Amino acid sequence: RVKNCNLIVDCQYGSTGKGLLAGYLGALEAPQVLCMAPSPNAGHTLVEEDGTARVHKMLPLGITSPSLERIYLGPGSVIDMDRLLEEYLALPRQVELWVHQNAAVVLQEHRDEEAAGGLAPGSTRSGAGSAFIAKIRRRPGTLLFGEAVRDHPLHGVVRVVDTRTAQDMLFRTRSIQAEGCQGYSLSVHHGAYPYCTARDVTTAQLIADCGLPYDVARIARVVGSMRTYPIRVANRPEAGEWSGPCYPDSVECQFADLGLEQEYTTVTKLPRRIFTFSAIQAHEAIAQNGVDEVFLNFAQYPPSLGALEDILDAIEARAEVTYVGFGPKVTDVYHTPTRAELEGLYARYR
């Protein structure tokens, strides 16, 4: 019964625009089921045609799919139940929300622990690491989602499921979209430790955390997202935290070098760090993840068309650049543009 499965994986340090990619593919491929293993580290963003933004930390953004029936948050999820309930109630259309019983739960004590600092440099301090560690530690009395939610208003809108139930549902689903979060180079396996997150960030880890059965993974297509200028989170110098290195064929630059205003963080108001494109990073992530199609986003950032074409050429040595993003809306993503069309798009978006 399964005919299509798209896996969306971030090939840099996050913030490549996976909320946009998810919305775009949701409309293009019309999946019936969205899978995700969210953690509350950052909010992914879908900007509507009218300029309104929907920001999701706990739910996928393929909700543009006209065929959407169900969202399944897998056992590798790390769930803020308050935030999940809030995002669910705000959804535009009614859909079933299934959550695996063994997902971790984020409690205030986990946020409190990370708020004291002294852990990963540049940590979002979302509590995600502490919450996940509590699941992994298996101390008596630790409750995973299946038990923790019974105490919480969220229980009235979720179906708690085990893997037998999830398997049956997924094998009966025609088109599946699974949305990764974070970034390949934040992988605790493949990143520059300790400038990284608490888990691996690969196609394989996404399959594991979403609980996708391996025969479905075998037919899946992998869409890798990357920016023209990779970005890391801000430093926290008062806490003595530098948020980490770039690849050796990247150099750190300033937003002003692109004629852009500095990008600050949502709450703390700290300047994000930007770097030039790394072909080594792109090729390494493409190979690790088995990327079949690349989404190259922020194609309007390079200061010349030649600079954009050099990035395209680097990627295309290893994978097709199937989707090109010139802005934050679904209507700003273009499917396999010719080089001639690319010229017109670049000029128009600058």
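Counting begins at 1, following the sequence as shown.
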{"query": "Average Cα temperature factor in the PDB entry - higher stretch of 332-340, 10-18", "finding": "332-340"}
{"query": "Segment of higher mean CA temperature factor, 128-136 or 87-95", "finding": "87-95"}
{"query": "Largest Cα B-factor, entry values, listed residues 226, 267, 207, 223", "finding": "267"}
{"query": "Top Cα B factor in the deposited entry, candidates 201, 104, 217, 253", "finding": "253"}
{"query": "CA B-factor placement of residue 175, once the chain's modelled residues are sorted into thirds", "finding": "middle"}
{"query": "Entry-reported Cα temperature factor of residue 109, expressed as the chain third it lands in", "finding": "highest"}
{"query": "Cα B factor band for residue 31 (lowest, middle or highest third within the chain)", "finding": "middle"}
{"query": "Among modelled residues of the same chain, the CA temperature factor third for residue 286", "finding": "lowest"}
{"query": "Chain third (lowest, middle, highest) by recorded CA B-factor, residue given as residue 195", "finding": "lowest"}
